[PDB]
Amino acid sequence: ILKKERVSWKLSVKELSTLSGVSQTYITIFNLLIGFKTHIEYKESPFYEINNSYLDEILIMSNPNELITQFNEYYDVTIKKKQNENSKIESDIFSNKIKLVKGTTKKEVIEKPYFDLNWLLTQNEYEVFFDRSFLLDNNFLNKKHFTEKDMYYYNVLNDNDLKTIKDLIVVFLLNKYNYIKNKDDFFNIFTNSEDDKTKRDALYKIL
């Protein structure tokens, strides 16, 4: 159990099983620490300066530069080992055909990119529902005779609405962040083995 920071960050036995190791058997050691590295990072100029140093303390944490240059080596092995397992499905990861669990780079690829908002709005294969709290019939009051589509699926968003929603969302996103014209180039310029400062000045130009 050691210094139980699992609870001090609010985690569980089915959460750390997915993150790293555990395997539905809470009580190898090197591996489990990874399941809290990106967690501080998800949950900048002055931050990352003291984010590493926060988990560096725990490295020390019965039952220095000792582990600062020994465990930190194991990081660079297992991230490039899985990144070579990620290069074997890179098309799935660009198309977004993947179940990325919240603050969790544990994955499982799927036939259609279900969890892409911009896919769901901009696709003509399947009906898109909303809450059962909205009557989206529009000509409801002029329907003296109801079909099965009326009865069970009065909650379906129509094309005119699906397009209005998508255009609100991107009008919004365009205000806060910046657009990436070269979708594939930007993705491939970062998914490579090259150093953080290498592509730093390269990506900026694209923008």
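Just count from 1 along the sequence shown to find any residue number.
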Subject >> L168-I169 interval: deposited residues absent from the model >> reply: none
Subject >> Missing from the model but present in the deposited sequence, between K181 and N182 >> reply: none
**OP:** Compare the mean C-alpha B-factor of 171-179 with that of 134-142 as given in the PDB entry, and name the stretch with the higher value.
**Re:** 171-179
Original post:
Can you tell me which stretch has the higher mean Cα B-factor, 195-203 or 182-190?
Top reply: 195-203
Original post:
Between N158, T164, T28, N63, where does the Cα B-factor run highest in the record?
Top reply: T28
**OP:** Please place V101 in the lowest, middle or highest third of its chain by C-alpha B factor as given in the entry.
**Re:** middle
Original post:
If you rank every modelled residue in this chain by C-alpha B factor, which third holds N52: lowest, middle or highest?
Top reply: highest
**OP:** Just say lowest, middle or highest third for the CA B-factor of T78 relative to the other modelled residues in its chain.
**Re:** highest
**OP:** Can you work out whether the C-alpha temperature factor of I34 puts it in the lowest, middle or highest third of the chain?
**Re:** highest
Original post:
Once the chain's modelled residues are ordered by C-alpha B factor and cut into thirds, is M151 in the lowest, middle or highest one?
Top reply: lowest
